[PDB]
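Student: No letters, just coordinates:
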């Protein structure tokens, strides 16, 4: 489902931004 | 699905902290 | 739901272990 | 709910990396 899926992607993107910093 | 969403808010929030706090 | 919820908790706990390291 | 679970595996995996890699 839509609002769950978007927040999952958002989390993935936050983790992608963190991966980079590290 | 209110529990899953609630946990994803918390997670999202923990990561935006961690983010910033880096 | 059960296997989704456990993995959400697991993630929270990983983030708790990360919070500490940081 | 196979998509949500799949995204949670990926996330879990990204965090155990980040973990370790710290």
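Tutor: Right, received. Where do you want to start? Residues are numbered from 1 along each chain as shown, chains lettered A, B, ... in the order given.
Student: Now do residue A:3 against residue B:12, distance only.
Tutor: Using Cβ to Cβ, to the nearest Å, we find residue A:3 at a distance of 12 Å from residue B:12. From N, CA and C alone the C-beta is placed, and that goes for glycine too.
Student: Residue A:3 is in contact with residue B:4, isn't it?
Tutor: No: under the criterion of Cβ atoms under 8 Å, residue A:3 makes no contact with residue B:4, lying 10.2 Å away.
Student: who has more neighbours, those two?
Tutor: Using other Cβ atoms under 10 Å in any protein chain shown as the criterion, residue A:3 and residue B:4 rank with residue B:4 on top: 18 against 10.
Student: Residue A:9: neighbour count?
Tutor: Residue A:9: 11 neighbours (other Cβ under 10 Å).
Student: Give me the contact list for stretch A:12-22.
Tutor: If you take Cβ atoms under 8 Å, 6 or more residues apart in numbering or on different chains as the criterion, stretch A:12-22 is touched by B:12, B:15-16, B:18-19, B:22, D:7, D:10-11, D:14-15, D:17-18, D:21-22.
Student: in that stretch, what's buried?
Tutor: Under the neighbour-count criterion of 16 or more other Cβ atoms under 10 Å in any protein chain shown, stretch A:12-22 has A:14-15, A:18 buried.
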